[PDB]
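Engineer: Show me the folded form of this:
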Amino acid sequence: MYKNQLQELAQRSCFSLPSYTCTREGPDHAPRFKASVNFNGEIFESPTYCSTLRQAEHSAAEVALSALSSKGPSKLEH
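Structural biologist: Numbers count the residues shown, from 1 in each chain. See the structure here:
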């Protein structure tokens, strides 16, 4: 949902579609996930630990989406 919304914004610019990558590091006993997303030349990575790559992609997309709007959404607003 949120991820798709971010992609739609890029399509409107007719510039380039968003890109995301996922890497796996750390021991099997203590696995660590890390993903990075590049949107409009800006790179955003999950700021919190992600159990699965799905969370990493969401965290990256959310950061890019929020960054694009630039602290747009607010609790006080509306």
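
Engineer: now residue 73, nearest residue through space, not along the chain?
Structural biologist: residue 66 (7.2 Å; C-beta to C-beta, 6 or more residues apart in numbering). To be clear about C-beta, it is placed using only N, CA and C from the backbone, and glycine gets the same treatment.

Engineer: burial of the one you found, as a residue count?
Structural biologist: For residue 66, the neighbour count with other C-beta atoms under 10 Å is 15.

Engineer: Residue 6 now?
Structural biologist: Neighbour count of residue 6, defined by other C-beta under 10 Å: 21.

Engineer: rewinding a little: what about the residue nearest to residue 73, helix or strand, and which?
Structural biologist: helix 53-69 (DSSP states H and E).

Engineer: Show me the helices in the chain, by range?
Structural biologist: Remark: helices assigned in the chain by DSSP state H are 2-13, 53-69.

Engineer: closest to residue 31 out of those helices?
Structural biologist: With C-beta to C-beta, the closest approach to residue 31 among these belongs to helix 53-69: 11.3 Å.

Engineer: Fine by me, thanks again.
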